[PDB]
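All remarks here apply to the structure that follows.
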Protein chains: 6
Amino acid sequence: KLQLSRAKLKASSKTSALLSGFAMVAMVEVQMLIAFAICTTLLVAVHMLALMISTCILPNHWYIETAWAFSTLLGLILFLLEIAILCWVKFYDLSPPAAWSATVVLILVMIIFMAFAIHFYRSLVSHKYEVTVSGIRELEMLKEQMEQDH
Amino acid sequence: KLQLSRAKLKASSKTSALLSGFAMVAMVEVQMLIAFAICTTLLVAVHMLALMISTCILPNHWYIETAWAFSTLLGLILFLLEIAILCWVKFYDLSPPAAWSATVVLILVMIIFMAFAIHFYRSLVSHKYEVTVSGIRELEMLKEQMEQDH
Amino acid sequence: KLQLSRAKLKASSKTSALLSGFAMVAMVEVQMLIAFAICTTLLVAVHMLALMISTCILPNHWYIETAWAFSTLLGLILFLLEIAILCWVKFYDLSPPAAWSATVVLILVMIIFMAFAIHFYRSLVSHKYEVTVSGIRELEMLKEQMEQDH
Amino acid sequence: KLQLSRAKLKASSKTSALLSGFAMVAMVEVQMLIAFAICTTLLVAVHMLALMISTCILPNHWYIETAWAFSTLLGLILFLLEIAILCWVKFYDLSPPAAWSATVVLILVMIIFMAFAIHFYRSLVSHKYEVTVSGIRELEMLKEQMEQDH
Amino acid sequence: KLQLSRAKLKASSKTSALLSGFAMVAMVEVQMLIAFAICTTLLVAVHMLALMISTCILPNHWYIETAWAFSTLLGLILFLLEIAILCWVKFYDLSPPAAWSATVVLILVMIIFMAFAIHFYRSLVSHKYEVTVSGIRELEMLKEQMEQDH
Amino acid sequence: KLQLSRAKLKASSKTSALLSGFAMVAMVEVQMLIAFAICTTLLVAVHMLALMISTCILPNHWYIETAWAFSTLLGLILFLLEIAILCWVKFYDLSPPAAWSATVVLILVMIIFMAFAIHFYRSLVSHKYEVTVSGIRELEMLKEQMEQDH
Ligand SMILES: [Cl-]
Ligand SMILES: [Cl-]
């Protein structure tokens with residue numbers, strides 16, 4: 001609980017900062033259509049907040065960890081999505097097919113990540129159930145073997 | 001306060017620096033309306049102050065730690081606010097639906113930070129009240145248990 | 001697997017963030033033909049992936065370490081490839097030998113890495129075969145000599 | 001001197017470097033009147049100096065240490081001053097009140113820095129006087145208590 | 001040999017990455033002739049590759065330390081050369097005397113540093129050989145003095 | 001040599017790299033006359049050199065430490081010099097007096113640092129010689145107490 005809270009939050013901050021500033025530089029460049037700025041700014045919302053957690057942890061009841069986790073998750077999500085939209089906007093007035101194919105090849109791999117991630121979430125719950133089952137069974141055999149020695 | 005003085009203060013500096021300089025690159029691109037530059041400049045001022053904190057605590061009255069904490073809070077707050085104004089002014093005279101919807105999501109996320117922050121403030125009151133109350137009661141039970149053998 | 005996950009995961013974040021954002025600045029610059037932005041987006045997507053892994057080890061189930069390795073590997077590989085494509089686009093309308101020779105000399109460095117990589121794959125085969133052979137043999141002579149006193 | 005030699009000096013280098021370089025990028029953007037370049041470049045001079053000390057402490061001394069301290073403080077003051085002048089010059093032919101009102105909000109915080117800084121300057125020296133006083137009194141009373149043992 | 005593998009890999013990666021990406025920013029700036037972009041990108045191949053080494057150390061074939069060494073040397077060499085070519089090309093259609101004279105003062109320093117580095121190659125071989133000499137000789141005198149009483 | 005090998009050498013490299021890349025960005029700006037590009041590239045030479053020294057300690061040649069120290073010093077000097085020359089050109093086609101007064105105030109502070117640095121350099125020599133004096137006195141009394149008491 002401690003070594004991961006310090007170690008992960010130490011280095012996550014760097015990521016958050018670079019995404020803040022580099023998505024920032026991404027914004028100020030005219031040299032979808034409207035929702036782009038929405039997505040990027042909501043990104044800045046997610047990373048700004050998760051780093052605000054990176055400030056809150058002086059005293060450091062386990063939900064706060066998961067809140068930090070899903071925060072960073074959404075951070076990486078919106079960063080990837082809106083930079084894809086940057087590959088979108090860069091190729092608009094000189095081509096309009098490149099960007100479509102961009103999201104068409106990559107977002108498929110997004111759904112790939114969602115797929116494998118939910119696979120191993122269910123693997124954690126499933127092995128929790130299996131470990132609980134076999135452990136409970138061993139506890140029962142211990143109950144009988146203990147009942148012999150009375 | 002001290003182990004947190006090393007752990008948190010080690011990491012604050014990077015955030016302050018990158019937000020300062022990348023806020024610089026944010027400023028210089030013309031190739032509300034007037035208060036934007038003001039907001040950015042006070043923002044970068046606050047981050048400068050937080051850096052002065054990152055140097056000031058060398059020889060080692062704990063409120064100064066809180067000064068760094070909520071000072072930094074204003075740091076990321078003003079950063080998000082001013083990037084909201086960047087999507088605002090940068091895409092204002094070239095579109096008016098992108099930036100409007102931007103602030104429509106951003107004012108929502110400011111209310112998100114205030115909301116969740118007061119939420120977990122109140123949660124601190126909740127588990128502090130239950131655990132503290134049971135503590136006072138248990139201390140009374142220790143008083144009775146001591147009075148029994150008199 | 002443990003200490004290497006903390007040290008390697010500790011340092012990978014820097015690579016992912018810097019190459020991601022610096023490729024970002026690469027994007028918004030016009031001052032193959034269409035698929036370039038796609039390739040860059042898969043690159044920064046991959047470094048994003050290695051970063052999401054850099055957060056993922058909270059619940060921690062051992063393939064993920066090597067998956068992290070493949071993430072960063074693809075990160076530097078594709079970063080090289082896309083900067084090669086940057087020298088492609090930058091030296092196309094002002095020369096056609098510079099960029100051609102660019103990709104033609106860098107793909108050679110690809111064949112360099114595949115060559116040395118499969119070589120040291122075979123070297124791992126060398127220590128695996130020799131260690132396995134000597135271990136099995138000493139176990140065999142020890143097996144007969146042990147059977148003498150049985 | 002030593003434990004603080006680790007704590008402050010480990011982190012100072014990164015901040016000094018990033019403020020130096022992004023002040024560099026700060027220079028090149030036209031897309032008071034003359035003293036701007038003086039203030040900004042003099043800032044970069046002071047922070048360059050702070051890096052010179054941040055390298056100099058090899059033999060591992062509070063005279064020169066305090067000299068570094070005032071160097072860095074004055075450095076950050078110059079940072080805020082010249083970045084205010086950057087927000088000034090970048091927006092000159094497009095408003096003269098926006099940046100003016102900026103300084104109207106900033107100079108308040110200038111006197112804020114001097115105000116809080118001197119408040120805890122003389123208050124800290126005052127608590128030094130209290131500690132010295134209590135020390136002299138307790139040691140003298142210990143002398144009288146020794147006269148009891150005559 | 002090992003402490004440099006851990007500590008040096010900790011710190012070298014940061015610099016190498018920054019120079020890789022900042023070489024990217026080096027690319028998109030015009031606002032020999034053709035082989036330049038190849039040279040910079042192949043440099044990024046060298047630092048990218050050395051970063052792949054910085055990933056390879058999960059189990060931690062001991063020459064790989066030396067591969068890290070000459071990899072890093074070639075990295076910084078190519079960096080200096082290609083930035084010299086940037087100082088060339090940025091000021092080419094706007095001057096032809098500045099950068100030429102630049103190389104006139106600097107490439108001499110190229111042979112200066114390669115020269116001194118190989119100088120201390122000669123010194124390292126000389127004093128390592130000298131230590132071996134003192135060992136063999138002292139072994140001879142001690143060998144005779146012990147050999148009399150055998 | 002050891003505590004500094006971990007201490008100063010651990011952190012200085014980061015700054016050196018930042019100055020390399022950000023001086024690179026310094027070059028590419030057309031908005032003295034010729035020696036500018038020379039100075040910036042020579043800066044990149046010195047900082048590259050300091051990085052090569054910070055890499056050399058793989059076999060673990062102690063003069064190289066002092067070469068590294070003066071290397072980093074010269075690095076920061078040259079960085080300041082060429083960014084000063086950019087503050088020159090930024091105020092070249094729109095004014096020529098501001099930057100003049102800037103450099104005239106900065107070179108004075110350069111000679112300030114050189115001046116006091118050699119001042120208390122000589123004081124360091126003074127405490128070395130004086131420490132030798134007190135050592136001589138205690139050693140002389142040790143000589144009398146030694147051979148006199150035989
Ligand atoms: Cl660090
Ligand atoms: Cl560290």
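FYI, nothing fancy with the structure tokens labels: chains A, B, ... in order, residues from 1 per chain, ligands from 1 as they appear.
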
Compile the contact shell of range 48-59 of chain C as a ChimeraX atom specification: residues with an atom at most 10 Å away, counting only C-alpha atoms, same-chain residues fewer than 3 positions apart removed. /A:1,4-5,8-9,11-12,15,65-66,68-70,72-77,79-80,110,113,117,121,124 /C:5-6,8-17,19-20,42-45,64-65,67-75

Would you mind listing what lies within 10 Å of residue 33 in chain B as an MDAnalysis selection string, with only C-alpha atoms counted and same-chain residues fewer than 6 positions away left out? (chainID B and resid 85 88:89 92) or (chainID D and resid 98)

Residue nearest chain D - candidates F:39, F:102, F:146, F:46, atoms counted: only C-alpha atoms: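 Checking each of F:39, F:102, F:146, F:46 against chain D, counting only C-alpha atoms, the winner is F:102.
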